[PDB]
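A short write-up of the structure that comes next.
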Amino acid sequence: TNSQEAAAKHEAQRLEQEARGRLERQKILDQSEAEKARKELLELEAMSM
Amino acid sequence: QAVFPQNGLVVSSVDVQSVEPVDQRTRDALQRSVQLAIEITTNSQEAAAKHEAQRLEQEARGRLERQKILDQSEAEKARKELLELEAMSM
Amino acid sequence: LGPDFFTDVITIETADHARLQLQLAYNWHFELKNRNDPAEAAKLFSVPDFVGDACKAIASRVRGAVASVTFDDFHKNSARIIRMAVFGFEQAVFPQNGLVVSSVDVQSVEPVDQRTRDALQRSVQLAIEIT
Amino acid sequence: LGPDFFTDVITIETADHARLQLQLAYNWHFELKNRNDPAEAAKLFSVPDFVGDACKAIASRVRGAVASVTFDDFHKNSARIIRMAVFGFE
């Protein structure tokens, strides 16, 4: 049962790992789209200045 | 099926109904083990729902931020035309 | 010997040592190919007590089919299990008395561990809660 | 044996171990192809108690159809479920 404990623990740690990496990848995607919108906004801003 | 020729007895089947080991610790640790099994399943559901809500939170933040960028764009254009009127004014 | 189903309660325990109570109804009726044949009636009376026989036997089928099943698998699908336990894989029949169980309605499952039902009910409660 | 529906209350529990009570009416009536045929009446009297039979049987249909259903699915659509449980699918 202790082996089951370590197994479930390491398993939850694994899903936590995949969840963190996935959500981080999601941050990167949002940062990308935000970078593009920020770029077009920089077009309007540079033209403004 | 089991057979006892000496008396012609025949055991067609043997239903089992209970197993009760003398060690209290055996059944206690076993029951705690399965209890922790459903416990780690519901905990897995907890982490799943948690990470899921975190995911929708992620998409919501990125989407709303994109909306900020769009509003900043339209506001940049209106600000530009306003700069036309202002520069002509000065 | 009419259809009038009789209720039955037999306890069983999972291979993972998890005890649980059951409330399980039994639909039942005796077939009669003919009023004319005495021998079928001799089958009807061959049993000292057809209800006790059917209860102990079907309960043996249940404890047998379920004890082999893991406690990894005990949820709503278990209703599929016992239903396939009572019925021949391809209605239950007892030739010795001509008994025929057309169906087996289930009405309750009550595991002895309070923590099981409590954690389960909290789990579904947190399910609608996270919805 | 007229249409006069009789009420019925049978408890059931979801596969996810969630108990629930029910208040469920039953519309009912005995068909009669002819006054002329004794045998149909023999069917009418073949049951020791038609109400108890119909209650236990339909309740078996309900507990059976619903226990197979997930507690993921218990909302207003369940009314669609039991209605299709009592009635033969086509």
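Residue numbers (the deposited numbering), protein chains in the order written: chain A, 666 to 714; chain B, 625 to 714; chain C, 518 to 607, 625 to 665; chain D, 518 to 607. For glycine and all other residues, C-beta sits at the position ideal for the given N, C-alpha and C.
_I need the DSSP call for residue 650 of chain B, collapsed to helix, strand or coil._
helix
*asked:* Against chain C, with Cβ distances strictly below 8 angstroms, would residue 584 of chain D count as a contact?
replied: yes
*State the Cα-Cα distance for the pair residue 649 of chain C and residue 662 of chain B, rounded to the nearest angstrom.*
10 angstroms
*So residue 552 of chain C is in the beta strand (DSSP E); what residue range does that whole segment cover?*
That residue, residue 552 of chain C, is in no beta strand (DSSP E); it is neither H nor E in DSSP.
*With C-beta atoms as the reference, is residue 633 of chain C less than 8 angstroms away from residue 522 of chain C?*
no
*Would you list the one or two residues that DSSP bridges to residue 524 of chain D?*
D:542
_Interface residues of chain B facing residue 713 of chain A [CB-CB closer than 8 angstroms]_ = 700, 703, 704, 707
*Contacting positions in the region 554 to 567 of chain D - beta carbon closer than 8 angstroms to chain C*: 563, 564, 565, 566
*Measure the C-alpha to C-alpha separation of residue 541 of chain C and residue 689 of chain B and round it to an integer number of angstroms.*
57 angstroms
_Beta carbon proximity, residue 637 of chain B to chain C, threshold 8 angstroms_ = yes
*Just checking my contact of residue 576 of chain C with residue 639 of chain B at CB under 8 angstroms: how many whole Å lie between their CB atoms?*
7 angstroms
_Residues in the same chain with beta-carbon distance under 7 angstroms from residue 603 of chain C, minus the five sequence neighbours each way, listed in chain order, please._
575, 578, 626, 635, 638
*Give me the Cα-Cα distance between residue 592 of chain D and residue 570 of chain D, rounded to the nearest whole angstrom.*
28 angstroms
_Between which two residues does the alpha helix (DSSP H) holding residue 595 of chain C run?_
595 to 603
*Terminal residues of the alpha helix (DSSP H) in which residue 711 of chain A lies*: 667 to 713
*asked:* So if I threshold CB-CB distances at 7 angstroms, which residues from the region 529 to 549 of chain C count as touching chain B?
replied: 530, 533, 534, 535
*Check whether the region 670 to 686 of chain B touches the region 673 to 688 of chain A, taking contact to mean three or more Cβ pairs, one atom from each stretch, closer than 8 angstroms.*
yes
*asked:* Counting only Cβ-Cβ distances shorter than 7 angstroms, please list the residues of the region 644 to 661 of chain B near chain C, keeping chain order.
replied: 651, 654, 655, 658, 659
_Let's see if you can read the secondary structure: which residues bound the alpha helix (DSSP H) around residue 567 of chain C?_
567 to 585
*Measure the Cβ-Cβ separation of residue 534 of chain C and residue 655 of chain B and say whether it is below 8 angstroms.*
yes
*asked:* Can you find the residues in the same chain that come closer than 8 angstroms, C-beta to C-beta, to residue 587 of chain C, ignoring five residues on each side of it along the sequence?
replied: 531, 532, 533
_Test item: CB-CB of residue 644 of chain C and residue 537 of chain C under 8 angstroms_ = yes
*Which residue or residues does DSSP assign as beta-bridge partners of residue 634 of chain B?*
B:627
*Could you please give the first and the last residue of the uninterrupted beta strand (DSSP E) stretch that includes residue 642 of chain C?*
640 to 645
*Could you name the residues of chain B that residue 673 of chain A contacts, counting a contact when the two beta carbons are closer than 7 angstroms?*
664
*Below 8 angstroms between beta carbons: does that hold for residue 706 of chain A and residue 693 of chain B?*
yes
*Assign residue 646 of chain B to one of two classes, buried (16 or more other C-beta atoms within 10 Å of its C-beta) or exposed (fewer than that).*
exposed
_In this structure, how does DSSP classify residue 518 of chain D when only helix, strand and coil are distinguished?_
coil
*Closer than 9 angstroms by beta-carbon distance: list the chain C residues that pair up with residue 576 of chain D, in chain order.*
542, 639, 641
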